[PDB]
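S.K.: starting from these lines, generate the structure:
(chains A, B and C, ligands or ions: 3)
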Amino acid sequence: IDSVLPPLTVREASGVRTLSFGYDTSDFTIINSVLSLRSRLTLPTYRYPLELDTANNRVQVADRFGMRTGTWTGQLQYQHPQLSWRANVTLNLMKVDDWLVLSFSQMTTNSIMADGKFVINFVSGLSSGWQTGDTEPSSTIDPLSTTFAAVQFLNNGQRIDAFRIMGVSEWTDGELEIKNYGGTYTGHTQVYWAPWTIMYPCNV
Amino acid sequence: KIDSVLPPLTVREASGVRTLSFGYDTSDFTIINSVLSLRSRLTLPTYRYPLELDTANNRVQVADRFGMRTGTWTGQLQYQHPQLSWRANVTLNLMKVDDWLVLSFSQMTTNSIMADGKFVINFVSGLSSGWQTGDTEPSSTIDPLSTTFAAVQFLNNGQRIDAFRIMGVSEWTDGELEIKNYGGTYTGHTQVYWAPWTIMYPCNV
Amino acid sequence: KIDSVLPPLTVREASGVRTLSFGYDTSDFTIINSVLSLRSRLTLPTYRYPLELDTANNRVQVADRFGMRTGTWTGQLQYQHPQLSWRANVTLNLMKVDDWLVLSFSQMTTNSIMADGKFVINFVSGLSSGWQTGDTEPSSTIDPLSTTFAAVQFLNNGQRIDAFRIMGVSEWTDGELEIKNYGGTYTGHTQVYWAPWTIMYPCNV
Ligand SMILES: CC(=O)N[C@H]1[C@H](O[C@@H]2[C@H](O[C@]3(C(=O)O)C[C@H](O)[C@@H](NC(C)=O)[C@H]([C@H](O)[C@H](O)CO)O3)[C@@H](O)[C@H](O[C@H]3[C@H](O)[C@@H](O)[C@H](O)O[C@@H]3CO)O[C@@H]2CO)O[C@H](CO)[C@H](O)[C@@H]1O
Ligand SMILES: CC(=O)N[C@H]1[C@H](O[C@@H]2[C@H](O[C@]3(C(=O)O)C[C@H](O)[C@@H](NC(C)=O)[C@H]([C@H](O)[C@H](O)CO)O3)[C@@H](O)[C@H](O[C@H]3[C@H](O)[C@@H](O)[C@H](O)O[C@@H]3CO)O[C@@H]2CO)O[C@H](CO)[C@H](O)[C@@H]1O
Ligand SMILES: CC(=O)N[C@H]1[C@H](O[C@@H]2[C@H](O[C@]3(C(=O)O)C[C@H](O)[C@@H](NC(C)=O)[C@H]([C@H](O)[C@H](O)CO)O3)[C@@H](O)[C@H](O[C@H]3[C@H](O)[C@@H](O)[C@H](O)O[C@@H]3CO)O[C@@H]2CO)O[C@H](CO)[C@H](O)[C@@H]1O
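M.R.: Residues are numbered from 1 along each chain as shown, chains lettered A, B, ... in the order given. Ligands and ions are numbered 1, 2, ... in the order given. The structure is reproduced below:
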């Protein structure tokens, strides 16, 4: 080789011509006498609800995060020291972001006291894809949320309009507790409940 | 002449032939077309809304609009019942918060209503700028999607009677949102004063 | 002497003069300040809250606090009406869920109220550790931001009368949140028993 071009360089100090390769020190280095990249970049992974769409090399929020549906089939338990019963219900469930929504269709139940508790046992009854743990609230604050239910008290053929205030109050080993603090009331033998929804924070 | 070399450059005089080569990291680079080239150049991913890349500061973030996007719908609130139906001019405030759509009703005075009935909002037209009809479509068919109470005053021959109305988001069909009034307390009346109220439902558009 | 040269290295014997040169990929590398450098070194982006980089596992995630952040406000709930106003000592639970702020009221006994009025919460002081006054600012000026019902019992000369109160989040001004009580059912009374209730509004802080 007669002469050389950059990056290649020849330095002829002390009557001895020596060839050397020139690189950007920030970009490269020599490791085990070979040109190596300095800091090879490892691409991060993503935790749900963030996901990598490998097909289009795109990071996105999972679709299910905005909406995940399900159903719970079981017995709605009403609890009061002087009165308690079980009614067969099917409620719709929807996970919207960090919230769990419960949707009750209309229902006819036995009579209730001026106040009381409703208990939903998620230990069993959940539709496919759902685990009991998926219904656990993300806080122990009481109440997590309150809503009103519109009811009709049935007493000797007449239907009497009233309301019931409902609060999500507790979750214990898969048992969700919805307190009925009260509302308007009259003596009755049976209750007609219009549809209603209740939701609470849930980050599972 | 070039007397000697330094790494990466190496001279192996193997098989009676003094030959020069350039030593590189086998996994970082590979020669192709007789030029040093990067073995696996990394393509950086793109981002789907609400994730966005702030190119100015090279920062990935959640879009601001995702947390809050406001709007208005101007149109006629339709009340529907077989024995009574009417249209009232309203302007509703709308707000997209995350994967929820909130509807905000200001106070209103309407004609009388039956013990139960439907409210229909036609989003086909009336939305403010930036909003499309499709933007109001719920993300589920569950009925009801959400329920709330509206506080009302029934006007009947001069006296104002306080009552409530339960409202549920029940259906969306080709831009028509249906809000069912299942019932609540009631009395015979000439007109209804509605206090303000909000209702929201899941919406991932 | 060097007999031969291996790629990347190549020699061009153009006009009886052998010129040694380094062969590199035109798009992968370049020559700056007479040295091999990288053509477009890729800078990895940073992340704005609620997105965060877990450096320990090199994983991008949504911060846990985004789904749930709790707190408390201790202060005096102010009831306001031109003909009646009072202050009651309360402790409210707060929870930030995504882009929402939830306020949780436990049961309470207060003085009597008018047919309508305002509740004011002064967040300027009283917030638990980690919380700033600005953290309670709504993300919209829409009125109402949200409405809910509170179940009450009016105490009127020994008898307890069940009724409801409609509550709307209406305004936030320099740390003072205003919750309007538009009305609801009513009767003359001496004191009010309030059942627990929650109210939430959009908040992207
Ligand atoms: C409309 C009706 O039959 N009402 C009965 C009630 O019947 C049950 C069920 O109706 C509802 C209801 O309208 O109250 C529907 C609703 O989705 C359910 N609510 C929830 C939250 O899931 C409730 C609820 O589970 C119960 O009322 C609580 O006690 O029930 C009917 O759809 C169901 O109908 C079957 C018919 O009886 C049968 O002839 C037909 O072939 O098949 C359908 C099912 O596909 O029957 C349910 C029986 O419980 O029952 C209550 C007493 O439990 C009262 O008598 C209502 O008057
Ligand atoms: C206060 C009042 O005028 N009330 C009338 C009502 O007037 C309409 C509107 O008022 C409100 C209301 O307070 O009832 C405001 C509210 O934001 C609206 N609510 C919703 C959910 O959109 C309602 C609602 O649209 C109607 O009640 C439907 O019945 O209405 C007034 O702000 C508006 O005022 C105009 C004046 O009439 C006009 O002189 C002035 O120059 O401009 C203002 C602003 O454009 O008028 C509205 C329509 O009349 O109207 C109802 C009957 O529709 C009753 O008569 C109320 O008593
Ligand atoms: C005694 C009682 O339970 N009810 C009193 C009320 O007493 C206050 C407080 O109770 C509650 C209540 O249930 O009414 C609890 C509740 O969480 C509070 N609500 C909110 C939203 O913060 C309310 C609210 O502060 C008031 O109703 C406003 O008027 O209060 C009691 O737990 C508390 O108990 C203390 C003992 O009295 C004291 O001897 C002991 O040393 O410490 C405990 C705990 O600090 O007392 C509270 C006093 O206000 O008070 C109201 C009048 O303010 C009525 O008399 C209720 O009947």
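
S.K.: so which residues of chain A form helices?
M.R.: Secondary structure of chain A (DSSP state H): helices located at A:63-66.

S.K.: tell me the domain ranges of it?
M.R.: A:1-42, A:67-204 (curated CATH domains).

S.K.: wait, which of these is closest to ligand 1?
M.R.: domain A:67-204 (3.4 Å; C-beta to the nearest ligand atom). Where C-beta positions appear, they are placed from N, C-alpha and C, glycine not excepted.

S.K.: is ligand 3 contacted by the closest one?
M.R.: No: against ligand 3, domain A:67-204 shows no contacts by C-beta under 6 Å from any ligand atom, the least distance being 9.9 Å.

S.K.: first to last residue in that domain, what's the distance?
M.R.: Terminal residues of domain A:67-204 lie 13 Å apart, using C-alpha to C-alpha, to the nearest Å.

S.K.: any part of it near chain C?
M.R.: Yes: Domain A:67-204 is in contact with chain C by C-beta under 8 Å from any C-beta of the partner chain, via A:97-99, A:138-139, A:141-146, A:148, A:163, A:165, A:167, A:181-185, A:201, A:203.

S.K.: out of those, which are buried?
M.R.: Among these, those buried by neighbour count (16 or more other C-beta atoms under 10 Å in any protein chain shown) are A:97-99, A:138-139, A:141, A:143-146, A:148, A:163, A:165, A:167, A:181-185, A:201, A:203.

S.K.: list the contacts of stretch A:115-129.
M.R.: Residues from elsewhere that reach stretch A:115-129 (C-beta atoms under 8 Å, 6 or more residues apart in numbering or on different chains): A:68, A:70-80, A:83, A:91, A:93, A:102, A:132, A:134-135, A:166, A:173-182.

S.K.: just the buried subset of the residues you listed, please.
M.R.: For these, a neighbour count by 16+ other C-beta under 10 Å gives the buried set as A:68, A:70, A:72, A:74, A:76-79, A:91, A:93, A:102, A:134-135, A:166, A:174, A:176-182.

S.K.: can you narrow these to ones near ligand 1?
M.R.: Filtering the buried ones among the contacts of stretch A:115-129 for neighbours of ligand 1 using C-beta under 6 Å from any ligand atom leaves residue A:91.

S.K.: what about the buried ones among the contacts of stretch A:115-129, which are in strands?
M.R.: Judged by DSSP state E, strands contain the following of those: A:68, A:70, A:72, A:74, A:76-79, A:91, A:93, A:102, A:166, A:176-182.

S.K.: who touches stretch A:154-165?
M.R.: With C-beta under 8 Å, 6+ apart, stretch A:154-165 has contacts from A:146-153, A:180-193, B:149, B:164, B:183-186, C:149, C:151, C:164, C:195, C:197.

S.K.: so which of the domains of chain A is the most packed in?
M.R.: Using mean count of other C-beta atoms under 10 Å in any protein chain shown, the stretch among the domains of chain A with the largest mean neighbour count is domain A:67-204, at a mean of 18.

S.K.: enumerate every residue touching the residue nearest to residue A:193 when sequence neighbours are not counted.
M.R.: Using C-beta to C-beta, 6 or more residues apart in numbering or on different chains and skipping the chain neighbours, the partner closest in space to residue A:193 is residue A:107 (4.8 Å). Each residue near residue A:107 by C-beta under 8 Å, 6+ apart is listed here: A:87, A:89, A:192, A:193.

S.K.: and those residues, which of them are in strands?
M.R.: A:87, A:89, A:192, A:193.

S.K.: so what's the second one bridging to?
M.R.: Going by DSSP bridges, residue A:89 is paired in beta bridges with residue A:74.

S.K.: also the last one?
M.R.: In this structure, residue A:193 has beta-bridge partners residue A:107, residue A:151, where bridges are defined by DSSP bridges.

S.K.: close enough to count as contact, it and residue A:151?
M.R.: Yes: Residue A:193 is in contact with residue A:151 according to C-beta atoms under 8 Å; the separation is 5.3 Å.

S.K.: and the closest residue to residue A:78 other than its chain neighbours, what does it touch?
M.R.: Residue nearest to residue A:78 in three dimensions, not counting chain neighbours: residue A:85, with 5.2 Å by C-beta to C-beta, 6+ apart. For residue A:85, the contact set (C-beta under 8 Å, 6+ apart) comprises A:77, A:78, A:109, A:110.

S.K.: any idea how far ligand 2 is from residue A:85?
M.R.: Distance, residue A:85 to ligand 2, using C-beta to the nearest ligand atom, to the nearest Å: 42 Å.

S.K.: ok, residue A:169 next?
M.R.: 34 Å.

S.K.: where's that residue relative to chain B, distance?
M.R.: Distance from residue A:169 to chain B, counting by C-beta to the nearest C-beta, to the nearest Å: 19 Å.

S.K.: and the two most separated of the ones in strands among the contacts of residue A:107?
M.R.: A:89 and A:192 (14.1 Å; C-beta to C-beta).

S.K.: end to end, how far does stretch A:32-49 reach?
M.R.: End-to-end distance for stretch A:32-49, by C-alpha to C-alpha: 42 Å.
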